[PDB]
Amino acid sequence: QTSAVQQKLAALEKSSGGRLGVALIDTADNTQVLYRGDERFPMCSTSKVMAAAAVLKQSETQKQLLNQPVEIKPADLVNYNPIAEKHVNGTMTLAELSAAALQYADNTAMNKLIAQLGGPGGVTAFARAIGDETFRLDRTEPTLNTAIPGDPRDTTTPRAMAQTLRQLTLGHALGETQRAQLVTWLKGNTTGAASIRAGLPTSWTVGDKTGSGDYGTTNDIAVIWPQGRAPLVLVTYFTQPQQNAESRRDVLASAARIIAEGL
Ligand SMILES: [K+]
């Protein structure tokens, strides 16, 4: 089958010169609308949601865990550390690290979450534990963002990520307090204004996590509450042929608009 939303997503893709993947879940009627929805895409920073959620899950049994101070040493600093670089030779809590990773895309913070989970395999392990058999996290920051065409490392599919984000933010993969914290974190993201949120009616409330990497990889995953009606989950992944391709957040805004117009 091929819906007219798919016809406009395909044209958007052709216009873009890149590879677009989209997956929407309408919770109201549990319907799904997908474009290259089973192809793999580099997740880039959108993988931080899985790592933050995995640490929240540990916090269900370890009740003070989010309050635990974690040292920031000079050697922990990587390529983009907007919050952590302010605390080197001091400490940050796992809550602070989670907020820095999710809301400011801090790669040092992500690496602290990965370390708390025992390595990238501990993030993948949480994905398998909540039903996601597609997600794979293989590297730490910054190398998980190489987004090399054909490389299965650090990839998921639009379908799998939208199903997972639903479970974490709207379902009960997490404890209620942990889910609420994740939602609070996602809603306060500072990096998404030009991506999914830019394609959506202003009155809709959004939580999202962006991602960016080599090959112009430009991603966003969002939980959407559109006032009146039931929430939506939308993932938009985009990647391009040239390793040094520029960011294309507009494509994600545009995919989101097409998806919103087809409701
Ligand atoms: K980042």
# chains A, B, ... in the order shown; residues from 1 in each chain; ligands from 1
>>> residues_near_ligand(ligand="ligand 1", cutoff="9 Å", atoms="only C-alpha atoms and all ligand atoms", output="list in words")
residues 44, 45, 46, 79, 80, 81, 101, 102, 104, 105, 106, 107, 110, 141, 142, 145, 210, 211, 212 and 213 of chain A
>>> write_last_selection(atoms="N, CA, C and O atoms", output="CSV table (one decimal), in the first residue's frame")
chain,number,residue,atom,x,y,z
A,44,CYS,N,22.7,8.8,16.3
A,44,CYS,CA,23.4,9.9,16.9
A,44,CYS,C,22.8,10.1,18.3
A,44,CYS,O,22.5,9.2,19.0
A,45,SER,N,22.7,11.4,18.6
A,45,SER,CA,22.4,11.8,20.0
A,45,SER,C,21.0,11.3,20.4
A,45,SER,O,20.7,11.4,21.6
A,46,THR,N,20.1,10.8,19.5
A,46,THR,CA,18.8,10.3,19.9
A,46,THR,C,19.0,9.1,20.8
A,46,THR,O,18.1,8.8,21.6
A,79,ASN,N,34.0,15.9,22.6
A,79,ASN,CA,33.9,16.9,21.6
A,79,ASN,C,32.9,18.0,21.7
A,79,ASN,O,32.9,19.0,21.1
A,80,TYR,N,31.9,17.8,22.6
A,80,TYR,CA,30.8,18.7,22.8
A,80,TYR,C,30.3,18.6,24.2
A,80,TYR,O,29.5,17.7,24.5
A,81,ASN,N,30.7,19.5,25.1
A,81,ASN,CA,30.5,19.3,26.6
A,81,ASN,C,30.0,20.6,27.2
A,81,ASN,O,30.5,21.1,28.1
A,101,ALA,N,22.7,15.7,29.1
A,101,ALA,CA,22.7,14.9,27.9
A,101,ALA,C,21.4,15.1,27.1
A,101,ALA,O,21.4,15.4,25.9
A,102,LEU,N,20.2,15.1,27.8
A,102,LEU,CA,19.0,15.2,27.0
A,102,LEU,C,18.7,16.6,26.6
A,102,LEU,O,18.2,16.8,25.5
A,104,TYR,N,20.8,19.4,26.4
A,104,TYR,CA,21.8,20.2,25.8
A,104,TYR,C,22.7,19.4,24.9
A,104,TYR,O,23.7,19.9,24.4
A,105,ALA,N,22.3,18.1,24.7
A,105,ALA,CA,23.1,17.2,23.9
A,105,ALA,C,24.5,17.1,24.4
A,105,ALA,O,25.4,17.0,23.5
A,106,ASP,N,24.7,17.0,25.7
A,106,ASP,CA,26.1,17.0,26.2
A,106,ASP,C,26.7,15.6,26.0
A,106,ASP,O,26.1,14.6,26.6
A,107,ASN,N,27.8,15.5,25.3
A,107,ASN,CA,28.3,14.1,25.0
A,107,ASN,C,29.1,13.6,26.2
A,107,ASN,O,29.1,12.4,26.4
A,110,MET,N,26.5,12.0,28.3
A,110,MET,CA,26.1,10.7,27.8
A,110,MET,C,27.1,9.7,28.2
A,110,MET,O,26.8,8.6,28.7
A,141,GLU,N,30.4,8.3,23.0
A,141,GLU,CA,30.6,9.6,22.4
A,141,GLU,C,32.1,9.9,22.3
A,141,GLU,O,32.9,9.6,23.2
A,142,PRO,N,32.6,10.4,21.2
A,142,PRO,CA,31.8,10.9,20.0
A,142,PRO,C,31.7,9.9,18.9
A,142,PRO,O,31.0,10.2,17.9
A,145,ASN,N,28.7,8.7,16.5
A,145,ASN,CA,28.1,9.6,15.5
A,145,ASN,C,28.8,9.5,14.1
A,145,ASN,O,28.5,10.4,13.3
A,210,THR,N,16.9,15.6,19.8
A,210,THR,CA,17.5,15.7,18.5
A,210,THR,C,18.8,14.8,18.4
A,210,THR,O,19.3,14.3,19.4
A,211,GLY,N,19.3,14.7,17.2
A,211,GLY,CA,20.6,14.1,17.0
A,211,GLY,C,21.2,14.6,15.7
A,211,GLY,O,20.4,15.0,14.8
A,212,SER,N,22.5,14.7,15.7
A,212,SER,CA,23.2,15.1,14.6
A,212,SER,C,24.5,14.4,14.5
A,212,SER,O,25.1,14.0,15.5
A,213,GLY,N,25.0,14.2,13.2
A,213,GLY,CA,26.3,13.5,13.1
A,213,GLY,C,26.9,13.7,11.7
A,213,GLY,O,26.3,14.5,10.9
>>> residues_around(residues="residue 52 in chain A", least_positions_apart="6", cutoff="8 Å", atoms="only C-alpha atoms", output="ChimeraX atom specification")
/A:98,102,113,182
>>> closest_atom_pairs(of="range 94-181 of chain A", to="range 235-254 of chain A", cutoff="8 Å", atoms="only C-alpha atoms", output="CSV")
residue,atom,partner,partner_atom,distance
A:148,CA,A:243,CA,7.7
A:149,CA,A:241,CA,7.8
A:158,CA,A:235,CA,6.0
A:161,CA,A:235,CA,7.1
A:162,CA,A:235,CA,5.9
>>> write_last_selection(atoms="N, CA, C and O atoms", output="PDB file, in the first residue's frame")
ATOM      1  N   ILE A 148      28.317   6.248   9.276  1.00  0.00           N
ATOM      2  CA  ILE A 148      28.883   5.808   8.007  1.00  0.00           C
ATOM      3  C   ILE A 148      27.806   5.055   7.242  1.00  0.00           C
ATOM      4  O   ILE A 148      27.102   4.225   7.832  1.00  0.00           O
ATOM      5  N   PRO A 149      27.592   5.313   5.959  1.00  0.00           N
ATOM      6  CA  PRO A 149      26.574   4.534   5.248  1.00  0.00           C
ATOM      7  C   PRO A 149      26.860   3.041   5.295  1.00  0.00           C
ATOM      8  O   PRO A 149      27.991   2.596   5.077  1.00  0.00           O
ATOM      9  N   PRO A 158      13.216   3.573  12.257  1.00  0.00           N
ATOM     10  CA  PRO A 158      12.204   4.519  12.742  1.00  0.00           C
ATOM     11  C   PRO A 158      11.076   3.806  13.483  1.00  0.00           C
ATOM     12  O   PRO A 158      10.626   4.248  14.552  1.00  0.00           O
ATOM     13  N   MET A 161      12.235   2.812  17.118  1.00  0.00           N
ATOM     14  CA  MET A 161      12.450   3.910  18.059  1.00  0.00           C
ATOM     15  C   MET A 161      11.131   4.539  18.467  1.00  0.00           C
ATOM     16  O   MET A 161      11.007   5.041  19.591  1.00  0.00           O
ATOM     17  N   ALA A 162      10.160   4.592  17.555  1.00  0.00           N
ATOM     18  CA  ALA A 162       8.891   5.199  17.916  1.00  0.00           C
ATOM     19  C   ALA A 162       8.145   4.312  18.899  1.00  0.00           C
ATOM     20  O   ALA A 162       7.589   4.803  19.886  1.00  0.00           O
TER      21      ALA A 162
END
>>> atom_distance(atom1="CA of residue 83 in chain A", atom2="CA of residue 256 in chain A")
29.2 Å
>>> select_by_dssp(residues="range 88-229 of chain A", states="alpha helix (DSSP H)", output="PDB file with N, CA, C and O atoms, in the first residue's frame")
ATOM      1  N   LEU A  94      23.742  12.343  38.801  1.00  0.00           N
ATOM      2  CA  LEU A  94      23.245  11.601  37.643  1.00  0.00           C
ATOM      3  C   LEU A  94      22.005  12.280  37.058  1.00  0.00           C
ATOM      4  O   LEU A  94      21.757  12.168  35.847  1.00  0.00           O
ATOM      5  N   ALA A  95      21.212  12.976  37.900  1.00  0.00           N
ATOM      6  CA  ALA A  95      20.084  13.767  37.402  1.00  0.00           C
ATOM      7  C   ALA A  95      20.590  14.916  36.554  1.00  0.00           C
ATOM      8  O   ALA A  95      20.166  15.097  35.398  1.00  0.00           O
ATOM      9  N   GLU A  96      21.570  15.657  37.071  1.00  0.00           N
ATOM     10  CA  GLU A  96      22.183  16.720  36.285  1.00  0.00           C
ATOM     11  C   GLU A  96      22.805  16.178  34.990  1.00  0.00           C
ATOM     12  O   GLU A  96      22.685  16.805  33.929  1.00  0.00           O
ATOM     13  N   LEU A  97      23.496  15.043  35.061  1.00  0.00           N
ATOM     14  CA  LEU A  97      24.097  14.503  33.849  1.00  0.00           C
ATOM     15  C   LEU A  97      23.025  14.126  32.838  1.00  0.00           C
ATOM     16  O   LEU A  97      23.195  14.324  31.630  1.00  0.00           O
ATOM     17  N   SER A  98      21.916  13.564  33.318  1.00  0.00           N
ATOM     18  CA  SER A  98      20.830  13.164  32.443  1.00  0.00           C
ATOM     19  C   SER A  98      20.179  14.373  31.785  1.00  0.00           C
ATOM     20  O   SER A  98      19.891  14.363  30.582  1.00  0.00           O
ATOM     21  N   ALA A  99      19.937  15.411  32.572  1.00  0.00           N
ATOM     22  CA  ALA A  99      19.429  16.647  32.009  1.00  0.00           C
ATOM     23  C   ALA A  99      20.410  17.253  31.011  1.00  0.00           C
ATOM     24  O   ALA A  99      19.990  17.779  29.964  1.00  0.00           O
ATOM     25  N   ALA A 100      21.711  17.239  31.316  1.00  0.00           N
ATOM     26  CA  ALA A 100      22.665  17.827  30.377  1.00  0.00           C
ATOM     27  C   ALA A 100      22.679  17.051  29.060  1.00  0.00           C
ATOM     28  O   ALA A 100      22.677  17.654  27.979  1.00  0.00           O
ATOM     29  N   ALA A 101      22.667  15.716  29.127  1.00  0.00           N
ATOM     30  CA  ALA A 101      22.651  14.884  27.918  1.00  0.00           C
ATOM     31  C   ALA A 101      21.393  15.132  27.102  1.00  0.00           C
ATOM     32  O   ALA A 101      21.442  15.389  25.888  1.00  0.00           O
ATOM     33  N   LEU A 102      20.239  15.062  27.762  1.00  0.00           N
ATOM     34  CA  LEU A 102      18.999  15.160  27.016  1.00  0.00           C
ATOM     35  C   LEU A 102      18.699  16.580  26.577  1.00  0.00           C
ATOM     36  O   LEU A 102      18.182  16.760  25.481  1.00  0.00           O
ATOM     37  N   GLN A 103      18.936  17.593  27.422  1.00  0.00           N
ATOM     38  CA  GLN A 103      18.470  18.948  27.089  1.00  0.00           C
ATOM     39  C   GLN A 103      19.501  19.813  26.376  1.00  0.00           C
ATOM     40  O   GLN A 103      19.135  20.864  25.804  1.00  0.00           O
ATOM     41  N   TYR A 104      20.771  19.449  26.436  1.00  0.00           N
ATOM     42  CA  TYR A 104      21.816  20.245  25.803  1.00  0.00           C
ATOM     43  C   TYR A 104      22.695  19.378  24.926  1.00  0.00           C
ATOM     44  O   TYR A 104      23.715  19.860  24.406  1.00  0.00           O
ATOM     45  N   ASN A 107      27.777  15.453  25.298  1.00  0.00           N
ATOM     46  CA  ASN A 107      28.331  14.145  24.989  1.00  0.00           C
ATOM     47  C   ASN A 107      29.120  13.602  26.157  1.00  0.00           C
ATOM     48  O   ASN A 107      29.141  12.388  26.382  1.00  0.00           O
ATOM     49  N   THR A 108      29.715  14.468  26.964  1.00  0.00           N
ATOM     50  CA  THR A 108      30.356  13.984  28.183  1.00  0.00           C
ATOM     51  C   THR A 108      29.323  13.402  29.141  1.00  0.00           C
ATOM     52  O   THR A 108      29.534  12.336  29.750  1.00  0.00           O
ATOM     53  N   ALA A 109      28.191  14.078  29.282  1.00  0.00           N
ATOM     54  CA  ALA A 109      27.135  13.566  30.137  1.00  0.00           C
ATOM     55  C   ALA A 109      26.668  12.193  29.667  1.00  0.00           C
ATOM     56  O   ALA A 109      26.456  11.291  30.497  1.00  0.00           O
ATOM     57  N   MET A 110      26.483  12.027  28.345  1.00  0.00           N
ATOM     58  CA  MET A 110      26.109  10.725  27.806  1.00  0.00           C
ATOM     59  C   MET A 110      27.134   9.692  28.226  1.00  0.00           C
ATOM     60  O   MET A 110      26.774   8.609  28.676  1.00  0.00           O
ATOM     61  N   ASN A 111      28.418  10.011  28.078  1.00  0.00           N
ATOM     62  CA  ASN A 111      29.398   9.002  28.434  1.00  0.00           C
ATOM     63  C   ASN A 111      29.339   8.633  29.902  1.00  0.00           C
ATOM     64  O   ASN A 111      29.645   7.495  30.250  1.00  0.00           O
ATOM     65  N   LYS A 112      28.959   9.555  30.780  1.00  0.00           N
ATOM     66  CA  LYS A 112      28.809   9.185  32.181  1.00  0.00           C
ATOM     67  C   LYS A 112      27.621   8.242  32.380  1.00  0.00           C
ATOM     68  O   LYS A 112      27.657   7.361  33.252  1.00  0.00           O
ATOM     69  N   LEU A 113      26.540   8.447  31.630  1.00  0.00           N
ATOM     70  CA  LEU A 113      25.401   7.545  31.705  1.00  0.00           C
ATOM     71  C   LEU A 113      25.778   6.163  31.181  1.00  0.00           C
ATOM     72  O   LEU A 113      25.397   5.141  31.772  1.00  0.00           O
ATOM     73  N   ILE A 114      26.510   6.112  30.071  1.00  0.00           N
ATOM     74  CA  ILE A 114      26.951   4.827  29.550  1.00  0.00           C
ATOM     75  C   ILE A 114      27.796   4.121  30.591  1.00  0.00           C
ATOM     76  O   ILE A 114      27.635   2.917  30.844  1.00  0.00           O
ATOM     77  N   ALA A 115      28.696   4.854  31.232  1.00  0.00           N
ATOM     78  CA  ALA A 115      29.567   4.221  32.214  1.00  0.00           C
ATOM     79  C   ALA A 115      28.771   3.675  33.390  1.00  0.00           C
ATOM     80  O   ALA A 115      29.088   2.605  33.938  1.00  0.00           O
ATOM     81  N   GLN A 116      27.757   4.425  33.838  1.00  0.00           N
ATOM     82  CA  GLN A 116      26.892   3.982  34.927  1.00  0.00           C
ATOM     83  C   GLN A 116      26.156   2.694  34.572  1.00  0.00           C
ATOM     84  O   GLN A 116      25.844   1.896  35.457  1.00  0.00           O
ATOM     85  N   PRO A 120      28.348   0.501  26.516  1.00  0.00           N
ATOM     86  CA  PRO A 120      27.271   0.534  25.526  1.00  0.00           C
ATOM     87  C   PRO A 120      26.399  -0.685  25.594  1.00  0.00           C
ATOM     88  O   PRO A 120      25.194  -0.574  25.378  1.00  0.00           O
ATOM     89  N   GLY A 121      26.952  -1.829  25.953  1.00  0.00           N
ATOM     90  CA  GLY A 121      26.144  -3.021  26.060  1.00  0.00           C
ATOM     91  C   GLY A 121      25.075  -2.927  27.113  1.00  0.00           C
ATOM     92  O   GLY A 121      24.049  -3.616  27.000  1.00  0.00           O
ATOM     93  N   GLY A 122      25.284  -2.093  28.145  1.00  0.00           N
ATOM     94  CA  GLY A 122      24.264  -1.892  29.152  1.00  0.00           C
ATOM     95  C   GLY A 122      23.118  -1.027  28.676  1.00  0.00           C
ATOM     96  O   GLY A 122      21.990  -1.175  29.151  1.00  0.00           O
ATOM     97  N   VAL A 123      23.363  -0.182  27.688  1.00  0.00           N
ATOM     98  CA  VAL A 123      22.268   0.552  27.077  1.00  0.00           C
ATOM     99  C   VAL A 123      21.457  -0.367  26.170  1.00  0.00           C
ATOM    100  O   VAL A 123      20.223  -0.379  26.209  1.00  0.00           O
ATOM    101  N   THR A 124      22.140  -1.112  25.290  1.00  0.00           N
ATOM    102  CA  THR A 124      21.464  -2.082  24.444  1.00  0.00           C
ATOM    103  C   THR A 124      20.660  -3.051  25.280  1.00  0.00           C
ATOM    104  O   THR A 124      19.551  -3.425  24.891  1.00  0.00           O
ATOM    105  N   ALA A 125      21.210  -3.449  26.431  1.00  0.00           N
ATOM    106  CA  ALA A 125      20.557  -4.430  27.298  1.00  0.00           C
ATOM    107  C   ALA A 125      19.210  -3.914  27.795  1.00  0.00           C
ATOM    108  O   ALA A 125      18.241  -4.685  27.884  1.00  0.00           O
ATOM    109  N   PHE A 126      19.126  -2.604  28.087  1.00  0.00           N
ATOM    110  CA  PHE A 126      17.879  -1.990  28.545  1.00  0.00           C
ATOM    111  C   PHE A 126      16.864  -1.968  27.416  1.00  0.00           C
ATOM    112  O   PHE A 126      15.690  -2.295  27.632  1.00  0.00           O
ATOM    113  N   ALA A 127      17.330  -1.697  26.180  1.00  0.00           N
ATOM    114  CA  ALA A 127      16.460  -1.758  24.997  1.00  0.00           C
ATOM    115  C   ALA A 127      15.847  -3.149  24.825  1.00  0.00           C
ATOM    116  O   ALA A 127      14.630  -3.301  24.669  1.00  0.00           O
ATOM    117  N   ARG A 128      16.682  -4.188  24.866  1.00  0.00           N
ATOM    118  CA  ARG A 128      16.147  -5.543  24.788  1.00  0.00           C
ATOM    119  C   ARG A 128      15.178  -5.815  25.937  1.00  0.00           C
ATOM    120  O   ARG A 128      14.176  -6.513  25.751  1.00  0.00           O
ATOM    121  N   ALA A 129      15.464  -5.276  27.133  1.00  0.00           N
ATOM    122  CA  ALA A 129      14.631  -5.505  28.316  1.00  0.00           C
ATOM    123  C   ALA A 129      13.258  -4.851  28.219  1.00  0.00           C
ATOM    124  O   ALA A 129      12.345  -5.245  28.952  1.00  0.00           O
ATOM    125  N   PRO A 158      13.216   3.573  12.257  1.00  0.00           N
ATOM    126  CA  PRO A 158      12.204   4.519  12.742  1.00  0.00           C
ATOM    127  C   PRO A 158      11.076   3.806  13.483  1.00  0.00           C
ATOM    128  O   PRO A 158      10.626   4.248  14.552  1.00  0.00           O
ATOM    129  N   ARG A 159      10.649   2.647  12.964  1.00  0.00           N
ATOM    130  CA  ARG A 159       9.585   1.902  13.622  1.00  0.00           C
ATOM    131  C   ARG A 159       9.976   1.535  15.054  1.00  0.00           C
ATOM    132  O   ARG A 159       9.216   1.778  16.001  1.00  0.00           O
ATOM    133  N   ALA A 160      11.169   0.959  15.235  1.00  0.00           N
ATOM    134  CA  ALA A 160      11.571   0.512  16.568  1.00  0.00           C
ATOM    135  C   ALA A 160      11.684   1.679  17.555  1.00  0.00           C
ATOM    136  O   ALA A 160      11.296   1.555  18.725  1.00  0.00           O
ATOM    137  N   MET A 161      12.235   2.812  17.118  1.00  0.00           N
ATOM    138  CA  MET A 161      12.450   3.910  18.059  1.00  0.00           C
ATOM    139  C   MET A 161      11.131   4.539  18.467  1.00  0.00           C
ATOM    140  O   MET A 161      11.007   5.041  19.591  1.00  0.00           O
ATOM    141  N   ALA A 162      10.160   4.592  17.555  1.00  0.00           N
ATOM    142  CA  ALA A 162       8.891   5.199  17.916  1.00  0.00           C
ATOM    143  C   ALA A 162       8.145   4.312  18.899  1.00  0.00           C
ATOM    144  O   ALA A 162       7.589   4.803  19.886  1.00  0.00           O
ATOM    145  N   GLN A 163       8.166   2.994  18.663  1.00  0.00           N
ATOM    146  CA  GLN A 163       7.606   2.040  19.624  1.00  0.00           C
ATOM    147  C   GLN A 163       8.275   2.168  20.991  1.00  0.00           C
ATOM    148  O   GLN A 163       7.591   2.234  22.020  1.00  0.00           O
ATOM    149  N   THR A 164       9.611   2.261  21.025  1.00  0.00           N
ATOM    150  CA  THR A 164      10.299   2.420  22.301  1.00  0.00           C
ATOM    151  C   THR A 164       9.994   3.747  22.969  1.00  0.00           C
ATOM    152  O   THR A 164       9.734   3.786  24.171  1.00  0.00           O
ATOM    153  N   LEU A 165      10.048   4.863  22.234  1.00  0.00           N
ATOM    154  CA  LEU A 165       9.774   6.139  22.883  1.00  0.00           C
ATOM    155  C   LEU A 165       8.360   6.170  23.479  1.00  0.00           C
ATOM    156  O   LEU A 165       8.145   6.727  24.565  1.00  0.00           O
ATOM    157  N   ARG A 166       7.390   5.600  22.774  1.00  0.00           N
ATOM    158  CA  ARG A 166       6.043   5.471  23.323  1.00  0.00           C
ATOM    159  C   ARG A 166       6.071   4.759  24.679  1.00  0.00           C
ATOM    160  O   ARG A 166       5.559   5.290  25.671  1.00  0.00           O
ATOM    161  N   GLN A 167       6.723   3.585  24.752  1.00  0.00           N
ATOM    162  CA  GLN A 167       6.728   2.804  25.993  1.00  0.00           C
ATOM    163  C   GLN A 167       7.357   3.588  27.139  1.00  0.00           C
ATOM    164  O   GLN A 167       6.945   3.468  28.301  1.00  0.00           O
ATOM    165  N   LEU A 168       8.372   4.382  26.834  1.00  0.00           N
ATOM    166  CA  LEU A 168       9.109   5.059  27.883  1.00  0.00           C
ATOM    167  C   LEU A 168       8.379   6.283  28.396  1.00  0.00           C
ATOM    168  O   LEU A 168       8.469   6.609  29.587  1.00  0.00           O
ATOM    169  N   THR A 169       7.709   7.002  27.497  1.00  0.00           N
ATOM    170  CA  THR A 169       7.159   8.296  27.852  1.00  0.00           C
ATOM    171  C   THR A 169       5.679   8.228  28.125  1.00  0.00           C
ATOM    172  O   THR A 169       5.216   9.004  28.957  1.00  0.00           O
ATOM    173  N   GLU A 176       6.355   5.234  37.337  1.00  0.00           N
ATOM    174  CA  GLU A 176       5.611   6.448  37.045  1.00  0.00           C
ATOM    175  C   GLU A 176       6.447   7.685  37.353  1.00  0.00           C
ATOM    176  O   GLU A 176       6.411   8.673  36.607  1.00  0.00           O
ATOM    177  N   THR A 177       7.205   7.661  38.456  1.00  0.00           N
ATOM    178  CA  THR A 177       8.023   8.828  38.777  1.00  0.00           C
ATOM    179  C   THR A 177       9.124   9.005  37.739  1.00  0.00           C
ATOM    180  O   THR A 177       9.496  10.132  37.387  1.00  0.00           O
ATOM    181  N   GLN A 178       9.659   7.889  37.256  1.00  0.00           N
ATOM    182  CA  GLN A 178      10.742   7.933  36.282  1.00  0.00           C
ATOM    183  C   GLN A 178      10.241   8.386  34.923  1.00  0.00           C
ATOM    184  O   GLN A 178      10.906   9.171  34.226  1.00  0.00           O
ATOM    185  N   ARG A 179       9.098   7.855  34.504  1.00  0.00           N
ATOM    186  CA  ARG A 179       8.479   8.323  33.282  1.00  0.00           C
ATOM    187  C   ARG A 179       8.234   9.826  33.357  1.00  0.00           C
ATOM    188  O   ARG A 179       8.538  10.550  32.412  1.00  0.00           O
ATOM    189  N   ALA A 180       7.720  10.322  34.489  1.00  0.00           N
ATOM    190  CA  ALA A 180       7.434  11.753  34.581  1.00  0.00           C
ATOM    191  C   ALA A 180       8.709  12.574  34.465  1.00  0.00           C
ATOM    192  O   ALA A 180       8.727  13.641  33.833  1.00  0.00           O
ATOM    193  N   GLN A 181       9.799  12.083  35.050  1.00  0.00           N
ATOM    194  CA  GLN A 181      11.065  12.784  34.951  1.00  0.00           C
ATOM    195  C   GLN A 181      11.540  12.811  33.514  1.00  0.00           C
ATOM    196  O   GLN A 181      12.023  13.840  33.037  1.00  0.00           O
ATOM    197  N   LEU A 182      11.452  11.666  32.825  1.00  0.00           N
ATOM    198  CA  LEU A 182      11.836  11.622  31.420  1.00  0.00           C
ATOM    199  C   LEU A 182      11.031  12.633  30.612  1.00  0.00           C
ATOM    200  O   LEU A 182      11.592  13.361  29.792  1.00  0.00           O
ATOM    201  N   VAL A 183       9.712  12.694  30.835  1.00  0.00           N
ATOM    202  CA  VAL A 183       8.873  13.660  30.117  1.00  0.00           C
ATOM    203  C   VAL A 183       9.307  15.086  30.446  1.00  0.00           C
ATOM    204  O   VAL A 183       9.453  15.948  29.556  1.00  0.00           O
ATOM    205  N   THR A 184       9.483  15.379  31.729  1.00  0.00           N
ATOM    206  CA  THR A 184       9.952  16.710  32.080  1.00  0.00           C
ATOM    207  C   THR A 184      11.236  17.025  31.328  1.00  0.00           C
ATOM    208  O   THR A 184      11.375  18.100  30.739  1.00  0.00           O
ATOM    209  N   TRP A 185      12.196  16.087  31.341  1.00  0.00           N
ATOM    210  CA  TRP A 185      13.453  16.314  30.639  1.00  0.00           C
ATOM    211  C   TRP A 185      13.198  16.574  29.160  1.00  0.00           C
ATOM    212  O   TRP A 185      13.691  17.565  28.614  1.00  0.00           O
ATOM    213  N   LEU A 186      12.368  15.747  28.515  1.00  0.00           N
ATOM    214  CA  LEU A 186      12.217  15.872  27.064  1.00  0.00           C
ATOM    215  C   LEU A 186      11.553  17.197  26.713  1.00  0.00           C
ATOM    216  O   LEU A 186      11.891  17.826  25.702  1.00  0.00           O
ATOM    217  N   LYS A 187      10.611  17.630  27.545  1.00  0.00           N
ATOM    218  CA  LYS A 187       9.906  18.880  27.258  1.00  0.00           C
ATOM    219  C   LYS A 187      10.813  20.093  27.365  1.00  0.00           C
ATOM    220  O   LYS A 187      10.573  21.099  26.678  1.00  0.00           O
TER     221      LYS A 187
END
>>> closest_atom_pairs(of="range 127-230 of chain A", to="range 28-42 of chain A", cutoff="7 Å", atoms="only C-alpha atoms", output="CSV")
residue,atom,partner,partner_atom,distance
A:147,CA,A:42,CA,5.1
A:154,CA,A:42,CA,5.9
A:155,CA,A:42,CA,4.4
A:156,CA,A:40,CA,5.3
A:157,CA,A:40,CA,4.6
A:158,CA,A:37,CA,4.8
A:159,CA,A:37,CA,5.1
A:230,CA,A:28,CA,5.2
>>> atom_distance(atom1="CA of residue 19 in chain A", atom2="CA of residue 217 in chain A")
9.4 Å
>>> atom_distance(atom1="CA of residue 24 in chain A", atom2="CA of residue 232 in chain A")
7.1 Å
>>> residues_around(residues="residue 146 in chain A", least_positions_apart="3", cutoff="8 Å", atoms="only C-alpha atoms", output="PyMOL selection string")
chain A and resi 143+213-215
>>> select_by_dssp(residues="range 15-158 of chain A", states="strand (DSSP E or B)", output="ChimeraX atom specification")
/A:19-26,31-35,41-42,69-72,90-93,155-156
>>> closest_residue(among="A:131, A:231, A:3, A:43", to="residue 21 in chain A", atoms="only C-alpha atoms")
A:43
